[PDB]
Amino acid sequence: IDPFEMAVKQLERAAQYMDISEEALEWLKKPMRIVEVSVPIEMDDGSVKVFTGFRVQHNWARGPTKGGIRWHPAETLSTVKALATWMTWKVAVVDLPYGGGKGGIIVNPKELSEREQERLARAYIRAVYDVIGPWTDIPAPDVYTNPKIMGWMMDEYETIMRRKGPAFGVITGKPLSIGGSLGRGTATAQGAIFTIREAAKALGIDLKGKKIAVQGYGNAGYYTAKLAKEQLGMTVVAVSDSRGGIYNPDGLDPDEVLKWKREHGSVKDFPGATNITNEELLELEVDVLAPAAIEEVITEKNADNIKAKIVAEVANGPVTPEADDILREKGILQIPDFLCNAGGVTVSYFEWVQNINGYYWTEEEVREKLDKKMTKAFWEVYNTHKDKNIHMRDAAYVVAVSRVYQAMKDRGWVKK
Ligand SMILES: NC(=O)c1ccc[n+]([C@@H]2O[C@H](COP(=O)([O-])OP(=O)(O)OC[C@H]3O[C@@H](n4cnc5c(N)ncnc54)[C@H](OP(=O)(O)O)[C@@H]3O)[C@@H](O)[C@H]2O)c1
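382 is the number that the deposited numbering gives to position 379 of the sequence shown; each next residue is one higher, with no gaps.
Here's what the structure looks like:
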C-alpha cells in the first residue's frame with residue numbers, strides 16, 4: 004500500500020538517473036518471495052493465540068537474503084515488503100553477497116512474558132524454516148527484538164535442522180556466548196563515524212576537535228557521539244532526547260551524559276549545558292550533524308537553516324527529498340540513510356562469515372574489515388556523486404541498483 008509504493012517510487016526516481024531496462028524495473032518492484040504464515044503459541048493462561056508473520060525476500064541475485072525481524076502491533080505486509088526492498092539496496096551499497104530480506108510478526112511484545120516471547124520466536128522459526136537458512140535467508144534483530152530472541156530462534160532452527168549445517172549462520176545478532184561477533188552493539192555508530200571521517204577527508208576538512216551535533220540520544224546516538232569524540236577527537240556540542248536537548252560550546256562527555264539520562268530519565272537540565280529545543284539543535288553552527296531520532300526530522304521549514312557542512316543521517320530516512328534538494332543546493336554534503344547505518348548490516352555479515360567459517364575475529368579485526376568495507380562503499384558513492392552530478396542519495400541508489408542489475412544479468416534472470 005503506502006510504504007511499498009513509496010519504495011517503488013524511490014526505485015523509479017533512482018532509475019531515472021541510470022540506464023537499466025524496463026523489465027529490470029518490473030522485476031525489482033515485485034519482491035521474489037512473500038511468506039505469510041500463522042504463528043501459534045500456547046499462552047501463559049493456557050489458551051493458544053495465533054499471530055500473523057511475514058517473511059519477504061525482495062531479491063537474492065547477489066546472494067542469500069538478509070533482513071531484520073520486527074515485533075510491532077502496527078506491522079503490515081506493505082511495511083515489511085518496503086523494508087526488504089530498502090534492505091536490498093542497503094546490502095548492495097556496501098557490496099555484500101546479500102539480497103534484501105525482512106521479517107515481522109503482528110504482535111505487541113510489551114505484554115508478552117519471557118516464556119511467551121521464547122515460544123513466539125520458536126514457533127516463528129517453525130513456520131518460516133522452509134524459506135530461511137544460512138545460504139538462503141538470514142534473519143537479524145531489529146526494533147523490539149534483542150539478542151535473546153535471536154538466541155531462541157537460532158536454537159529452534161538448530162533443533163529442527165538436526166545440526167546438519169552451520170546453524171549459527173542462519174541468523175545474526177546472536178549473543179557473544181553463542182555464535183556472537185564483536186562490535187555488534189556499536190556497529191551502526193562505527194559505520195557512521197567512518198562515513199563522517201571519509202566525508203571530511205573528501206571535503207578537505209580535518210576533524211581535529213571540531214563541532215559534531217547529534218539530534219537523538221538513543222543507543223545509536225550515544226555510541227556515535229562517544230565514538231566520534233574518541234576516534235575523531237571532535238567536540239560533541241549538543242545531544243537531545245525525546246524531551247529536550249542540551250548544548251555546551253566547550254564540549255560534552257557522552258559517558259556522563261548517558262549516566263545522567265539513565266539516572267534522571269532525560270538529559271534535560273544537564274550541568275554546564277543550556278536547554279535548547281530539537282529544532283534549535285538542528286540549526287546549530289556545527290560541522291557534522293547526525294540525526295539519531297524519529298524520521299522526517301528535517302523538512303522544508305528548517306532545511307534552509309541547516310549550516311552543518313556534513314550531514315550523516317544515521318536514522319532511516321529522516322530527511323525528506325525536498326530537504327535533500329535544499330541541502331544539495333546549499334553546498335552541504337549529506338550522507339544518505341542506508342549509507343550511514345550500514346555498519347549494523349556490515350557487522351552482521353561479518354558475524355555470518357564467522358559463523359560459517361567456524362573462526363571468530365577479534366574486536367580489532369572486525370573494526371578493520373568494517374572500516375575497509377564502509378570506506379570503499381562511501382568512496383564509490385562519492386565518486387558516482389562527482390561523476391553523474393546527482394545527489395548523495397541518488398548516487399547511492401544508483402550504485403545499489405547497478406550492482407543488483409549486474410547480479411541479475413549475470414544470473415540470467417533478465418536478458419537485457
Ligand atoms: N538494519 C538493522 O539491523 C537495524 C534496523 C533498524 C534498527 N536497528 C537497530 O535496532 C534497534 C531497534 O530499534 P528500537 O526502536 O527498538 O530502538 P530505540 O527505541 O531507538 O532505542 C532507544 C530509543 O528510545 C528512545 N529512548 C531512550 N531512552 C528513553 C527513555 N528513558 N524513555 C523513553 N524513550 C527513550 C530514544 O529516543 P531519543 O533518541 O529521541 O531519546 C531512542 O531512539 C535500534 O536501536 C537500531 O539501532 C537495526
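Backbone N, C-alpha and C define an ideal beta-carbon position, used for all residues, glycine too.
The region 70-77 / the region 179-192 touching (three or more Cβ pairs under 8 Å) | no
Going by the C-beta, is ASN222 closer than 7 Å to any heavy atom of ligand 1?
-> yes
Between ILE37 and the rest of its own chain, which residues show a CB-CB distance below 6 Å, the 5 nearest in sequence each way excluded?
-> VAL59
Should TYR400 be counted as a contact of ligand 1 given a C-beta to heavy atom distance under 7 Å?
-> no
Take every Cβ of the region 134-154, pair it with every Cβ of the region 315-331, and state whether three or more of those distances are shorter than 8 Å.
-> By the C-beta criterion, the region 134-154 is judged not to be in contact with the region 315-331, since fewer than 3 inter-stretch pairs fall below 8 Å.
Proximity below 8 Å, CB of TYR220 to CB of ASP244 | yes
For my contact list, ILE249 and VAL270 are in at a C-beta cut-off of 8 Å; report their separation, rounded to the angstrom.
-> 5 Å
Element boundaries [beta strand (DSSP E), containing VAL314] | 313-315
Under the three-state reduction of DSSP, which class applies to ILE196: helix, strand or coil?
-> helix
From the DSSP output, in three-state form, read off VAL260 for me.
-> helix
If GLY194 sits next to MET377, beta carbons under 8 Å apart, how far is it from one beta carbon to the other, in whole angstroms?
-> Taking C-beta atoms under 8 Å as the contact rule, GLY194 and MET377 qualify, at a distance of about 5 Å.
Any heavy atom of ligand 1 closer than 7 Å to the CB of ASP244?
-> yes
Does DSSP put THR189 in a helix, in a strand, or in coil?
-> Coil at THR189, not helix or strand.
Taking the alpha carbon of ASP158 as the point to measure from, which residue in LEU185, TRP138, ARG187 and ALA126 has its own alpha carbon closest?
-> Considering only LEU185, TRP138, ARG187 and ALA126, the residue with the shortest C-alpha distance to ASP158 is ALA126.
Presumed contact (8 Å Cβ cut-off) between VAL417 and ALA10, rounded CB distance | With a contact defined as Cβ atoms closer than 8 Å, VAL417 and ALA10 miss out at about 19 Å.
In angstroms with no decimal places, state the Cα-to-Cα distance between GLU45 and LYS167.
-> 28 Å
Three-state secondary structure (DSSP) of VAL369 = helix
Just mark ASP397 as buried or exposed, buried being the case when its beta carbon has 16 or more other beta carbons within 10 Å.
-> By the 10 Å Cβ count, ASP397 comes out buried.
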